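Asks: Chains as they are written, first to last, in the entry's author numbering: chain A, -2 to 248; chain B, 0 to 248.
Have a look at this one:
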C-alpha cells in the first residue's frame, strides 16, 4: 500500500502554518487549536468532527480505527519539534476544531473572573463539562484556555464544551435580561450553599484565590453563596469550591 | 542557643537533605517543610516544630517555643537542604504526627491514591470540612513528600493524617457504629439522594481502579457524583470534595 504523507522539513508551509496555532491570531482565524499527548488525542477522536489532522513521528502511534476524513502526517523530529514547541517529549499531536459555540441559547454557565492558574482553570473547565453545563465564559484577565497547561489540565473537556471570552459585567446584564439567575461566589452577603435551592437555569461566577470575584461584579448578582469553612483551613481551593457549587445548583 | 552551619558537607545538612526521602522520615519520625507559610502554620500547632533553619537571624520568629533549636545556615548550606527551586528564607523540621486516633467519627479514607497533588487537595479539603482525620490506606502515596505538603497548604498541622489498613480499619469503624460510604456507581445513588448521618467514613479510591472491590463489599452504602456531560471523569479530589461536603452538611 501507499505510505502516509510525510513532512521532512520545518520550512514546509503546513509546518509553519501548524506552528502558527501557538498564536492567538491563527486560532481565531481557523477556530482550531493544537493538542499533544496520546490521551488528549484519544479524547478528541471520541468527539465527532473534532479532529482535523494527526501528527506522529512513528506509525505505531497512529490510533486504530480512524475516521477517513482525518488527514495523518508523519513528521521528522525536527518538523515535529517545530510544531509542538514542548520540552517534555511528545509522540503524537493533533489539530482540532473547537466545539459549536451556541452562546445565545446557553442557560447553565460558569463565569470565571480572572483566574490565572492553568491548573485551576483546567479543573474548572473539566468540572463544567462533567456537570453538563452549556458553556464556560472567561472574563477579562483570565488565563488563556488554549495554553498547553490548561489543555492538559482539562483532559479533553475543551472538545466538549465551549470556552469563550466575554466581558463579565456585560454578559451578566445579558444573562439577567434572558431570565437566567446569576449567582456569585462570596461570603459577604452570601449564604451557605446547602441552604440554596436548585435552579434549572443558572450562571455561577467564580474568582481567583486572592481577591475573589470583583466587587462591582458581585453587586450585579441575584444571590451570593459559599462553601462553609468548618476547620482551621484558611480557604478551599477555588476550583474545588467551584465544583461543589456548580454540582449543587445542577442537582 | 543558636548554632551556625557553614558547610554543605556538615552532617546536619546531610541529614536534613536525607529528610526528602521516605526512609529517613520513617527512621527519624520527622519531616522537613520549607517556606514561611508552612512554617507559620506549623508553629501554631504547639510542640510540632523541632528545628528552625534560616539564613538570616532576623527571620527567626520573635517568640518561639523554648525547646526549638535554631540554625543559621550559609547560602550554600541552605540551598543543599531545600528541594524547592524557588527562593525561600525559612525551613523547619517537624515531628511526625501521632498515629493513634483519639476520635474518629467523621473521617476520610483514601484508597491507593498516588498523585501527590490529589492527596494534598484531599487533606486540605478534609481540614476545611472539619473532619476528624484523614486515613491513608496501604498503597497510598506518602503524605509527607514535598509536593503533598505544598499542595495541602499547611493542613497537615490542622488534621490528623494517619495510616491504617483499610479493610481492618473499616471493620473497626463499623464496630463503633460509624456508617461507611463507598464512592462508586455499583448499588450507589447520586449523592443528592443520600441523607446526612451524624457520623461517616467516606472511602475514596484512585482514578484507575476506584475503591477496591473487596473494600466496596464492606460499605454500608455507596454514592457517586454523576457525569451529566461528556467528560471522561471528574478529578478524584474534586469528586471527593463534593461528597465530603455533602456528608458533612
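For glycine and all other residues, C-beta sits at the position ideal for the given N, C-alpha and C.
Can you pull the chain B residues whose beta carbon is under 8 Å from the beta carbon of residue 247(A), in chain order?
Replies: By one-based count along the first chain, residue 247(A) stands at place 250. By Cβ distance, chain B contributes 227.
Asks: If we call anything under 8 Å between Cβ atoms a contact, is residue 107(B) one with residue 201(B)?
Replies: The residue you call residue 107(B) lines up with position 108 of the second chain. The residue you call residue 201(B) lines up with position 202 of the second chain. In this structure, residue 201(B) lies closer than 8 Å to residue 107(B) by Cβ.
Asks: In chain order, what residues of the same chain have a beta carbon less than 7 Å from the beta carbon of residue 244(A), not counting five sequence neighbours either side?
Replies: Within the first chain, the letter at position 247 stands for residue 244(A). Excluding sequence neighbours, residue 244(A) sits near 128.
Asks: How should residue 96(B) be labelled, buried or exposed, when 16 other C-beta atoms within 10 angstroms of its C-beta is the threshold for buried?
Replies: Position 97 of the second chain, counting from 1, holds the residue named residue 96(B). Buried is the call here.
Asks: For residue 149(A), which residues in chain B fall below 9 Å Cβ to Cβ?
Replies: Here residue 149(A) is taken as the residue at index 152 of the first chain, counted from 1. Simply none; closest approach about 13 Å.
Asks: Decide yes or no for the touch test of the stretch 215 to 224 of chain B against the stretch 179 to 191 of chain B: beta carbon pairs closer than 8 Å, at least 3 of them.
Replies: As far as the Cβ criterion goes, the stretch 215 to 224 of chain B touches the stretch 179 to 191 of chain B, which means the pair count is three or higher.
Asks: Please list, in chain order, the chain A residues whose beta carbon lies closer than 7 Å to that of residue 244(B).
Replies: Locating residue 244(B) in the second chain gives position 245, where the first residue counts as 1. Result: 224, 241.
Asks: Taking C-alpha atoms, which residue in 155(B), 125(B), 160(B) lies nearest to residue 136(B)?
Replies: Working through the second chain from its first residue, we reach residue 136(B) at position 137. Answer by Cα proximity: 160(B).
Asks: Below 6 Å CB to CB, which residues in the same chain sit around residue 145(B) once its five sequence neighbours on both sides are set aside?
Replies: Here the question's residue 145(B) lines up with position 146 in the second chain. For residue 145(B), where only same-chain residues beyond five positions count, the Cβ hits under 6 Å are 82.
Asks: Against residue 157(A), what residues of chain B qualify as contacts under a CB-to-CB distance less than 8 Å, listed in chain order?
Replies: By one-based count along the first chain, residue 157(A) stands at place 160. Within chain B, the residues near residue 157(A) are 228, 229, 230.
Asks: For residue 45(A) and residue 32(B), I'd like the C-alpha separation in whole angstroms.
Replies: For this step, residue 45(A) is matched to residue 48 along the first chain. For this step, residue 32(B) is matched to residue 33 along the second chain. C-alpha separation (whole angstroms): 48 Å.
Asks: Quick test of your reading: residue 122(A) and residue 94(A), contact by CB under 8 Å. State the CB separation rounded to the nearest angstrom.
Replies: Counting from 1 along the first chain, the entry for residue 122(A) is found at position 125. Counting from 1 along the first chain, the entry for residue 94(A) is found at position 97. Incorrect: roughly 17 Å between the Cβ atoms, too far for contact.
Asks: Compute the Euclidean distance between the alpha carbons of residue 241(B) and residue 197(A), then round it to the nearest angstrom.
Replies: Numbered from its first residue, the second chain carries residue 241(B) at position 242. Numbered from its first residue, the first chain carries residue 197(A) at position 200. The straight-line gap from Cα to Cα measures roughly 20 Å.
Asks: Can you name the residues of chain A whose CB is closer than 8 Å to the CB of residue 233(B)?
Replies: Against the second chain, residue 233(B) aligns to sequence position 234. Simply 123, 124, 127, 240.
Asks: Short check: CB of residue 150(B) to CB of residue 120(B), under 8 Å?
Replies: For this step, residue 150(B) is matched to residue 151 along the second chain. For this step, residue 120(B) is matched to residue 121 along the second chain. Yes. Within cutoff.
Asks: Name, please, each residue of chain A whose Cβ falls closer than 7 Å to the Cβ of residue 120(B).
Replies: Position 121 of the second chain, counted from the first residue, corresponds to residue 120(B). 234, 237, listed in chain order.
Asks: Between which two residues does the beta strand (DSSP E) holding residue 2(A) run?
Replies: For the purposes of this step, residue 2(A) is identified with residue 5 of the first chain, where counting begins at 1. Taken as a continuous stretch (DSSP letters only), the beta strand (DSSP E) holding residue 2(A) covers 2 to 4.
Asks: Could you tell me which residues DSSP puts in a beta bridge with residue 68(A)?
Replies: Taking the first chain and counting its residues from 1, one reaches residue 68(A) at position 71. Answer is 50(A), bridged to residue 68(A).
Asks: Any residues in the stretch 170 to 192 of chain B with a beta carbon nearer than 7 Å to a beta carbon of chain A? Which ones, in chain order?
Replies: Within the stretch 170 to 192 of chain B, the residues whose Cβ lies closer than 7 Å to some Cβ of chain A are 191, listed in chain order.
Asks: Can you list the residues of chain A that residue 154(B) reaches, using a CB-CB cut of under 9 Å?
Replies: Position 155 of the second chain, counted from the first residue, corresponds to residue 154(B). Correct list: 228, 229, 230.
Asks: Can you give the beta carbon distance from residue 134(B) to residue 91(B), rounded, assuming they're within the 8 Å contact cut?
Replies: Mapped onto the second chain, residue 134(B) falls at position 135. Mapped onto the second chain, residue 91(B) falls at position 92. No, residue 134(B) and residue 91(B) are not in contact; Cβ-Cβ is about 25 Å, not under 8 Å.
Asks: Would you call the stretch 165 to 173 of chain B and the stretch 200 to 216 of chain B in contact, with 3 or more CB pairs under 8 Å?
Replies: Contact between the stretch 165 to 173 of chain B and the stretch 200 to 216 of chain B is present, because at least three Cβ pairs lie under 8 Å.
Asks: Under 8 Å, CB to CB, which of the residues in the stretch 29 to 40 of chain A have a partner in chain B?
Replies: Those would be 40, in chain order.
Asks: When the Cα of residue 30(B) is compared with those of 237(B), 148(B), 233(B), 232(B), which residue comes out closest?
Replies: If you number the second chain from 1, residue 30(B) lands on position 31. Closest option to residue 30(B), Cα to Cα, is 148(B).
Asks: For residue 99(A) and residue 76(A), I'd like the C-alpha separation in whole angstroms.
Replies: Here residue 99(A) refers to the residue found at position 102 when the first chain is read from its first residue. Here residue 76(A) refers to the residue found at position 79 when the first chain is read from its first residue. Cα to Cα, the separation comes out at about 36 Å.
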